[PDB]
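First, one chain by itself: the form deposited in one PDB entry, in structure tokens.
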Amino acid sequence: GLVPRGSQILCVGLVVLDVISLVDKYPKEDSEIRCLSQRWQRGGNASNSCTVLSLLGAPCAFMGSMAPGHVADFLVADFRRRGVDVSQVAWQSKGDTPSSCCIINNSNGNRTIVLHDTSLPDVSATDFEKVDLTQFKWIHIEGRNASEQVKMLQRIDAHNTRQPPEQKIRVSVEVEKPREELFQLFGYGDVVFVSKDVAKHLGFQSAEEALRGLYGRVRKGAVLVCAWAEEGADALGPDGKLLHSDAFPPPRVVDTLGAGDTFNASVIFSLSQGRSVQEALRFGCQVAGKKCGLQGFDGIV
């Protein structure tokens, strides 16, 4: 259907089918066991943020790779269940739609993960070239295949050079995996999210240290954001003022999976609504905090 010009928030990244099995004890190799419960969930960073944006009240779209089949059909119906626009999916003739097996031990609480295979090709710069960008007001990129994503980010810069400031597409980038290839993405986007895991891997012991130590890696006028679990989150802009919000923990912590993505989508949402960086930081902490005391994404708003 007809999407009004400059109305959508696009999230580019991974979508995976996570099969989560709760077991009494970890299975020994060569055994046939019965799980206590099993859940099929749509996962992935960009995919999780999409759900959160829909629940926040934003028209939102997902861009990612899928191969036709029964897995992709489950994932699409789940995206559609969450009001996500799936028209930009980069459908692939070769490879498997990502699927992961997670085994949770009910006794000790430990998670054993069999990650999805490498077979499916990631969204390319040539796939991104074919996209009419005018229906987007904001483009969020989950850092994966960096050399290709750098070109997509250059395409958005070119688009923006030709627009009046009120028709310029805002851009955000997430560096969540501690992979060297990804670190070149700090130099792109108006908003750069760096994970606590990446910061710790780079030798930083706090969100303050990470922001001060990495701000030199960003482009002029960019805001660098770091969430540090129960320590809340910090942001640092061109003015040199380290902004901070304390976490809003739930009465009891139930499910932190995808709380990082909830933070990211809530910060993006709040900024896209004309709120300030301090306001966006606070709101992101409030929404991610509510999420941690809930199973899944129901009732985060």
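Numbering starts at 1 and runs along the sequence shown. We call the rigid core whatever largest set of C-alpha positions still superposes within 1.5 Å between the two forms.
This next part talks about the form deposited in another entry, which is not shown.
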The one residue in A229, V150, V76, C102 whose CA moves 2 Å or more between this form and the one not shown on rigid core superposition is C102
Examine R111 after superposing the rigid core and state whether its CA is displaced by 2 Å or more between this form and the one not shown. yes
Would you say whether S21 is displaced between this form and the one not shown, judging by a C-alpha shift of 2 Å or more on the superposed rigid core? yes
Once everything's superposed on the core, is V254 shifted 2 Å or more at the Cα between this form and the one not shown? no
